[PDB]
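Each chain, written out:
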There are 2 protein chains.
Amino acid sequence: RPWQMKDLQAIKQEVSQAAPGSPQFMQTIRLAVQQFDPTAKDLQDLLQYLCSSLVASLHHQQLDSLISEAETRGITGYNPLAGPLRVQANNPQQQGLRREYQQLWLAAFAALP
Amino acid sequence: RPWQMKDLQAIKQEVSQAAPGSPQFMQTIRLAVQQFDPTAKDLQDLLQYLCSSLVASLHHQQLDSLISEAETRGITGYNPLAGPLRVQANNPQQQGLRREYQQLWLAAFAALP
């Protein structure tokens, strides 16, 4: 049950005025992420739709650092012999990795301003 | 029939002008809750969506007060040998607990000011 075009259109329109990482944007994006239960691929699509290449790159770097610390510590469900967290989160049998990816994503995007 | 994006986005759209505790806010919240019959999970999602973190924290303080009072006084179908009302309202076969939690939710929201 992935999102459709209308959901993305509403998500972008409702937060057109606000700035990335504002409390309003964080509310709406967090609700979307917690409601649709998407993988990393869909999150990348959503970010490309919402913010430009500059904000995309900044979030990419911040999320790289956050994932770096998180999975360098060691995580309950992460096994580094199978692939990067971006790929484990895309397997529907690793929901723990998917939820960790979602939370790192939202925190990284909130850490912009 | 848990609410999708569109329902919650509407709810926030018409709960934007008014402030918590005002007649309009409570009217809309009570209608939504009485219609969709949401558990504690969906209620917490809706609250995080609507108002700032400060208002959510205030509401949860009031809700903890109400729930503690009710558990001391006694609930019709509350059995504390399995988990708190908080967790007993997530089981779909406990309608009484769920409706009681919804009513305490609405009361605690109405008593913020």
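Residues numbered from 1 in each chain as written, not as in the entry; some residues may be left out. Chains lettered and ligands numbered in written order. Part of a larger assembly, values for the part shown. Heavy atoms only, no water. Residues with missing side-chain atoms left out of burial classes, pairs and counts.

Caption draft 1: Local environment of the overall build of chain A. When you go through chain A residue by residue, the secondary structure sums to six helices and zero strands. Against the 2.2 N^0.38 benchmark of 13 Å for 113 residues, chain A shows a C-alpha radius of gyration of 14 Å, consistent with a compact globule. (Helix = DSSP H or I, 4+ residues; strand = E, 2+ residues; numbered from the N terminus. Rg over C-alpha atoms; globule rule 2.2 N^0.38 Å.)

Caption draft 2: Quick peek at unusual backbone geometry. Even without being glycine, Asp37 of chain A reaches a positive phi, approximately 60 degrees. As for its position among the elements, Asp37 of chain A is in the loop between α2 (23–36) and α3 (40–50).

Caption draft 3: Fine view of helix α2 (residues 23–36) of chain B. End to end, α2 of chain B covers 20 Å across 14 residues, agreeing with the expected 20 Å (1.5 Å per residue, within 8%). Note on α2 of chain B: the residue one or two positions beyond its end, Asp37 of chain B, has a positive phi of about 50 degrees. (Expected span 1.5 Å × (residues − 1).)

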